[PDB]
């Protein structure tokens, strides 16, 4: 099954493998057990050229895993700035909420990725979005004593 192969190749950052698999009929929207797609996996792992290739092939940019994580959640959490930008341009939902109401802004804030936060804000991220415990990205910045983050957000 080619879908499984593309998932592994996307996760492992095997550009030439991704290219050959796709050239030979691999499903770009293949899903693993947890609802991860090749795009989730590449975005998480930092494989920018694979991300760009999947996007162009019509990969669902807003695919959700079983917990409502999109590829943008994973890229913003992991600090892959270039991948974050490419996703947003491809129509990524900057305000997508996972099962617990966490947005990519929450995850970038929580991880302390300032540059990602700026990009998310410029692209329409809701500063007032609250998770299931009622916390905002600003709340996180106050917890961590992150003055640069707090400012950017408020």
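Numbering follows the first chain given and starts at 1.
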request  = Going by the average Cα B-factor in the PDB entry, point out whether 80-88 or 67-75 comes out higher.
outcome  = 80-88
message = Comparing average C-alpha B factors as deposited, tell me which of 49-57 and 101-109 sits higher.
response = 49-57
inquiry  = Can you tell me whether residue 7 has a C-alpha B-factor in the lowest, middle or highest third compared with the other modelled residues of the same chain?
reply    = lowest
inquiry  = Which third, lowest, middle or highest, does the C-alpha temperature factor of residue 118 belong to within its own chain?
reply    = middle
request  = Among all modelled residues of this chain, ranked by Cα B factor, put residue 41 in the bottom, middle or top third, i.e. lowest, middle or highest.
outcome  = lowest
task = Check where residue 126 lands among this chain's C-alpha B-factors and tell me if it's the lowest, middle or highest third.
result = middle
task = Could you tell me which third, lowest, middle or highest, the C-alpha B-factor of residue 26 occupies within its chain?
result = middle
